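Novice: Numbering (the authors' numbering), first residue to last: 1 to 191. We put the CB at the ideal spot given by N, CA and C, even for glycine.
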Amino acid sequence: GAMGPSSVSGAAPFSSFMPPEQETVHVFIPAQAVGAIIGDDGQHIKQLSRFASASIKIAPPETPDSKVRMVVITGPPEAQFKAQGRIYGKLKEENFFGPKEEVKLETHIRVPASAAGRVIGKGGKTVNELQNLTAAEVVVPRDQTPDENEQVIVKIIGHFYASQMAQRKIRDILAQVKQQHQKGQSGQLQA
RNA sequence: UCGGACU
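(1) Nearest-angstrom Cα distance between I170 and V119?
(2) Three or more C-beta pairs closer than 8 Å, one from the region 19 to 36 and one from the region 65 to 79: is that the case here?
(3) Of the residues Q190, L189, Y161, which one's Cα is nearest the Cα of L105?
(4) First and last residue of the beta strand (DSSP E) that includes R69?
(5) Do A54 and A36 come within 8 Å of each other at the CB atom, strictly closer than that value?
(6) Going along the chain, which residues of its own chain have a beta-carbon closer than 6 Å to the beta-carbon of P146, five neighbours each way excluded?
(7) Note down, in chain order, each residue of its chain lying with its Cβ closer than 7 Å to the Cβ of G187, except the 5 sequence neighbours on either side.
(8) Going by CA-CA distance only, name the one from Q190, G124, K46 that's closest to residue 251.
(9) Inspect the beta-carbon positions of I56 and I38 and report whether they are closer than 8 Å.
(10) For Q151, which beta-bridge partners are listed by DSSP?
(11) Going by beta carbon distance, what residues of the same chain come within less than 7 Å of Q80, once the five residues before and after it are set aside?
(12) For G1, does the count of other Cβ atoms within 10 angstroms reach 16, so buried, or fall short, so exposed?
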């Protein structure tokens, strides 16, 4: 509903719209915590957009899991690190579940189905390593349960410092797997 | 040494 005639035609058609084809993570916070993030004039979450340099979209009560709300963080690692830690710490400052409890969010990151059992380490090894030492609990889907685009989602349950280290290591191994797949023997023992 | 677990 923007009926702008646009009669002005400059040699430089400055397009004010931006396509968020950036790295998109989905992390959810309890519905009570959503009130703290969104509640501030209903724009503080949208402030995160420019602040974290990302396209911030908030989930309405659409999905049956509406006991929580999934936030759509579309942006580079800049936004991933900034927004994720920002909201994570925000749950702490808001004295919801911070002084008497540790904030435990679930970050969904994009992993290829062909590497689902790879990011979990050599048989749930990354879970043991990251949970015990880093306090980052990493969980994968049962076997894979893949999307047609061979997409699976792996969850990070922990704390800001842990989650960042975990998601970095996961994508670290992950990326190098796909590279090894391409620049190698694909996935067969022929020679 | 690239498998599958832990919820």
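Specialist: Judging by the given coordinates:
(1) 6 Å
(2) yes
(3) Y161
(4) 68 to 74
(5) no
(6) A113, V152
(7) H181
(8) Absent from the structure is residue 251, since the part of the chain shown begins at 1 and ends at 191.
(9) no
(10) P112
(11) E23, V25, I73
(12) exposed
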